[PDB]
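Trainee: Begin with these chain(s), straight out of the complex:
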Amino acid sequence: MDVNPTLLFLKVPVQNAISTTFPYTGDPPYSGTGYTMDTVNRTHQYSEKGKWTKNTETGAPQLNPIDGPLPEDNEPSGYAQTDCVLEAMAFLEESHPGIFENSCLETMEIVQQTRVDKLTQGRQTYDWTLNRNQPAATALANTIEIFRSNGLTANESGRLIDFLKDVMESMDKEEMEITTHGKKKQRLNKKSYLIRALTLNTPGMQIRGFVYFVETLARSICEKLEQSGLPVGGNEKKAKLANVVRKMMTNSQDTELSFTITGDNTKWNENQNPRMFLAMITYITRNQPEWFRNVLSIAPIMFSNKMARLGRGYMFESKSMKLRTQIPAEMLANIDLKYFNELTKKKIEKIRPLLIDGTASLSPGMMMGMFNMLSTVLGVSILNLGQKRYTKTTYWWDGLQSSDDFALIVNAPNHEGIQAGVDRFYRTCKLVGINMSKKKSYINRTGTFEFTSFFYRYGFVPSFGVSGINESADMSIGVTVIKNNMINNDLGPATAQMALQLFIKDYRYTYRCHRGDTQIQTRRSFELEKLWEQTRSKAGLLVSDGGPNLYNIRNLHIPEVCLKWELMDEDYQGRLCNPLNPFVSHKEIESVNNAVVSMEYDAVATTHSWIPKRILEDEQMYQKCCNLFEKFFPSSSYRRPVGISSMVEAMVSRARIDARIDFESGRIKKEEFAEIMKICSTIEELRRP
């Protein structure tokens, strides 16, 4: 018998055994400038019949396909029409009265109350200061330092919009002097600075602000629409699917023929022209303060002039001397091509005109992310042009969209009606700019479908192990996951117990916490062995120590220390829960039970709560000042302090006050008191200038 597991689908429906069709249970171990060149070239091939202009500021050749010739074939195209997008948005507003006006106000409160630290929350970002990827917080610090050196310090108000005013002021500066610590200062020409500002990476710190306001406006809009499931997760998307299906497949008459078009949109991030996003934000923000249209309409303006960076380059090697260079992407523009292969020959030849100082000119496209939620609004616009009012005919359609994931339903009276409805939806999407993918979409009568890995069939149908932060912060994270999946993602009882067993095995093998009685030899063995002899009651011992397990299913939520409390020894409670540990460490309310994994886990801050090991002149200057202030004002780590004095003034005032109440209590040995007061006098003198 040649075993063929897939034949199992001959008895169980595919949706009821789809698990076996997902190979990897985690992140696969496997994983260049060629890809970047391909994505830059393919975007310009989809817009061949578009105006070829020359940006006068960045000096880049740009391609404008908007309002271009209508497509003459099923091939992907981005010749979207302004009239069509504006009409679609207008009809969306009419269906949902007062959606844009109501959502703009909810964005007014966020475009003003937001601070400049929102540009630190995020992932790695391109750093225009050094032409190198670098964390968000440090990139913001470098940008602020360079602006201050150049004399653009309005970001001192702590308001994000003031920082945006600063970046726009910089955009007009004639020269931006960058000081690098040797101490070498380099001056950028206005043009040279512009390209380094309007640059994607394989997007700068000067675009995180505007694209945050645009994204929050899009999120505010999408929350109101029930045809958009992007600003939600899990249980939410599991309700919209059911509601839509139960709404459309409950036809009042047998005449209606329902049909679902599970499918995706091809090249969804190479045809969504930024100019089109500018042309729907100027509609969303209608009859709004003119300062609220110049802050939400900057990112679309900047994304249409973006100068994507090619990347690293190609490596040349000789089979004789076995040499290996890198050929940095900058010199690709001016180089002899005999070295390269044929495919690279064609790619570089095609992209050669678009290069400007080693930078692409990807104007007619939008890179991944970056209005991932505005595009959802655009998509739901056309899921709204089917409400039986804008069709005027028998067939009407609904569905959901999740940024290149739709489940459109095409109710109609007969098969010709269904075909006509699908055809009209496809043509409307092509007009707006959305190119459906005919190689991944399949239409079948309603009852079974698929929506971004949610497989619906008359009903719906990588986070196991040690997260690796602490010893008590993993026996909480893992047990919390084993119940989060057991409540949300239908993980059953027996699977939950198996997962718990394997998690504890991983725990004991990673932290060398094997029970004391067992005879596995490790560095921590001996110590645990001794701890296994002193204790009178052994059930109380934590699994982190040599100790048993007690987590079955009925206490997957109880934190461990509170689970083994009545079973613990007083001589053990004292040592375990001793606030004077040299291990316990937590300097912020942010991470006082919050792991990036950001997850909310339960812990009891025992000795197992330890922490593992790991342009400006002093990268820790802000850290030094904040740590010192926290020292002076302990509640600086819990509640954002509010006051009017400067940091130095407050710190010196508290230093003077504490000493006086101390010497008056005899705990400071007056000689020290006089020294402290004279030091305070010295510091105050240093503040006079």
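Mentor: Here it is on my side, so go on. Numbers count the residues shown, from 1 in each chain, chains lettered A, B, ... in the order given.

Trainee: how about the strands of the stretch 51-200 of chain A, start to end?
Mentor: Taking DSSP state E, counting those that start in this stretch as the test, the strands found in the stretch 51-200 of chain A are A:51-54, A:61-64, A:125-127, A:132-134, A:175-180, A:184-189.

Trainee: and of those strands, who's closest to residue A:363?
Mentor: strand A:61-64 (4.0 Å; CB to CB). From N, CA and C alone the C-beta is placed, and that goes for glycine too.

Trainee: what distance separates that closest one from the centre of its chain?
Mentor: 29 Å (CA atoms, centre = their mean, to the nearest Å).

Trainee: now stretch A:345-359
Mentor: 31 Å.

Trainee: That one: end-to-end distance?
Mentor: End-to-end span of stretch A:345-359 (CA to CA, to the nearest Å): 18 Å.

Trainee: So which residues make contact with it?
Mentor: Residues from elsewhere that reach stretch A:345-359, judged by CB atoms under 8 Å, 6 or more residues apart in numbering: A:34, A:37-38, A:40-41, A:44, A:58-61, A:192, A:195, A:199, A:307-310, A:328-333, A:337, A:340, A:360-362.

Trainee: Can you point out the buried residues in it?
Mentor: Residues of stretch A:345-359 classed as buried: A:347, A:348, A:350, A:351, A:354, A:355, A:356, A:358, A:359 (neighbour count, 16 or more other CB atoms under 10 Å).

Trainee: for stretch A:613-624, same thing?
Mentor: For stretch A:613-624, by 16+ other CB under 10 Å, it's residue A:615.

Trainee: give the contact list for residue A:179.
Mentor: A:146, A:149, A:185, A:615.

Trainee: Please repeat the previous calculation with a cut-off of 7 Å.
Mentor: Applying CB atoms under 7 Å, 6 or more residues apart in numbering, one finds that residue A:179 lies in contact with A:149, A:185.

Trainee: Look up the residues forming beta bridges with it.
Mentor: residue A:185 (DSSP bridges).

Trainee: Adding distance to residue A:620, write the strands of the stretch 51-200 of chain A out as TSV.
Mentor: TSV is the format used below for the strands of the stretch 51-200 of chain A (distance: least, CB to CB, whole Å):
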stretch	distance to residue A:620
strand A:51-54	46
strand A:61-64	43
strand A:125-127	18
strand A:132-134	16
strand A:175-180	18
strand A:184-189	22
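
Trainee: Between those strands, which one is closest to residue A:455.
Mentor: Using CB to CB, the strands of the stretch 51-200 of chain A put strand A:125-127 closest to residue A:455, at 36.0 Å.

Trainee: put chain B onto that model:
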Amino acid sequence: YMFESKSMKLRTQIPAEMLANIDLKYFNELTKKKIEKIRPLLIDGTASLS
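Mentor: Alright, chain B goes in next:
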């Protein structure tokens, strides 16, 4: 007889006719002895009582 599982919250019933084959582990000791002593007399579900 009536068997109760207090860890599964189950209440099942065993008819007398099945006393001739049921494994003698569920019952307590006295009932087990009674069943063992009476088994030789079980015919057609009854028990001779001459």
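
Trainee: now that chain B has been added, could you go back to the contacts of residue A:179?
Mentor: Counting by CB atoms under 7 Å, 6 or more residues apart in numbering or on different chains, residue A:179 makes contact with A:149, A:185.

Trainee: Would you quantify the distance from it to residue A:289?
Mentor: 38 Å (CB to CB, to the nearest Å).

Trainee: cool, residue A:554 as well?
Mentor: In terms of CB to CB, residue A:554 sits 57 Å off from residue A:289.

Trainee: Same drill for these two, tell me which one is more crowded.
Mentor: Taking other CB atoms under 10 Å in any protein chain shown, residue A:554 and residue A:289 do not tie; residue A:289 has more neighbours (11 against 7).

Trainee: roughly how far apart are the more buried one and residue A:111?
Mentor: 10 Å.

Trainee: cool, residue A:542 as well?
Mentor: Residue A:542 is 49 Å from residue A:111, by CB to CB.

Trainee: Kindly report the same for residue A:550.
Mentor: 51 Å.

Trainee: and those two? which has more neighbours close in?
Mentor: Set residue A:550 next to residue A:111 and count neighbours by other CB under 10 Å: residue A:111 wins out with 21 against 14.

Trainee: What helix or strand is the nearest residue to that one once chain neighbours are set aside located in?
Mentor: In space, residue A:111 comes closest to residue A:213 once its chain neighbours are excluded; the distance is 5.5 Å by CB to CB, 6 or more residues apart in numbering or on different chains. In the assignment (DSSP states H and E), residue A:213 maps to helix A:210-224.

Trainee: Quick check: buried residues in that helix?
Mentor: Buried residues in helix A:210-224, counted by 16 or more other CB atoms under 10 Å in any protein chain shown: A:210-222.

Trainee: Check stretch A:548-557 too.
Mentor: A:551, A:556.

Trainee: Could I get the contacting residues of residue A:504?
Mentor: A:543, A:549.

Trainee: ok, now the one 4 residues further on?
Mentor: With contacts taken as CB under 7 Å, 6+ apart, residue A:508 has the following neighbours: residue A:514.

Trainee: and it, that one's in a helix?
Mentor: Yes. The assignment for residue A:508 by DSSP: H, G, I helix; E, B strand; the rest coil puts it in a helix.

Trainee: So it versus residue A:438, what's the distance?
Mentor: Distance from residue A:508 to residue A:438, by CB to CB: 52 Å.

Trainee: same check, this time on residue A:549
Mentor: When residue A:549 is compared with residue A:438 (using CB to CB), they lie 54 Å apart.

Trainee: again, but for residue A:219
Mentor: 31 Å.

Trainee: what's the answer for residue A:124, then?
Mentor: Counting by CB to CB - residue A:124 and residue A:438 are separated by 36 Å.

Trainee: now for chain C, put it on the one above:
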Amino acid sequence: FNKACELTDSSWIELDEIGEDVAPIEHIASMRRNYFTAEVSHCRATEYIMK
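Mentor: Placed with the earlier chains, chain C looks like this:
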């Protein structure tokens, strides 16, 4: 694959302990898990898992 789907004369996987069972559903979960482990603790695929 044909060989990896076969039983052997061994118990390749030794899983850790679980707290006592009090929940009538916990007993069912334990019964199901024990059945699965018994039916799968000998497969050569488990031997590859360990190895």
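
Trainee: please look at the contacts of residue A:179 again, because chain C has been put in.
Mentor: A:149, A:185.

Trainee: One more: residue A:420?
Mentor: Counting by CB under 7 Å, 6+ apart, residue A:420 has contacts residue A:395.

Trainee: Same check on residue A:66?
Mentor: A:80, A:82, A:273, A:275, A:276.

Trainee: Mind picking the two most distant members of those?
Mentor: A:82 and A:273 (10.3 Å).

Trainee: Pick out whichever of those two has more residues nearby.
Mentor: residue A:273 (29 against 13).

Trainee: The more buried one is in contact with residue A:434, isn't it?
Mentor: No. Applying CB atoms under 7 Å, one finds residue A:273 not in contact with residue A:434, separated by 11.4 Å.

Trainee: gap between residue A:531 and residue A:516?
Mentor: 7 Å.

Trainee: Oh, that last question was meant for residue A:127, not what I typed.
Mentor: Distance from residue A:127 to residue A:516, by CB to CB: 51 Å.

Trainee: interface residues of the stretch 551-689 of chain A facing chain C?
Mentor: Proximity of the stretch 551-689 of chain A to chain C, by CB under 7 Å from any CB of the partner chain, involves residues A:551, A:552, A:553, A:554.

Trainee: Just confirm the last one contacts residue C:26, I think it does.
Mentor: In this case it means residue A:554. Yes. If you go by CB under 7 Å, residue A:554 and residue C:26 touch, sitting 6.5 Å apart.

Trainee: ok so, going back, the inter-axis angle of the helix holding residue A:213 versus helix A:274-284?
Mentor: 60 degrees (axes from the mean of the first three to the mean of the last three CA atoms, to 10 degrees).

Trainee: Could you show which parts of chain C are in contact with chain B?
Mentor: C:24, C:27.

Trainee: hmm, 8 Å instead?
Mentor: C:21, C:22, C:24, C:27 (CB under 8 Å from any CB of the partner chain).

Trainee: Neighbour-wise, give me the winner out of those residues.
Mentor: residue C:21 leads those on contacts (other CB under 10 Å) with 18 neighbours.

Trainee: secondary structure class for it?
Mentor: Going by three-state DSSP: residue C:21 is coil.

Trainee: That one and residue A:497: what is the separation?
Mentor: For residue C:21, the distance to residue A:497 - CB to CB - is 9 Å.

Trainee: what sits in contact with each of the two?
Mentor: Listed as contacting both residue C:21 and residue A:497 by CB atoms under 8 Å, 6 or more residues apart in numbering or on different chains are A:552, C:29, C:30.

Trainee: give me every residue that touches the last one.
Mentor: So that's residue C:30. Per CB under 8 Å, 6+ apart, neighbours of residue C:30: A:494, A:497, C:18, C:21.
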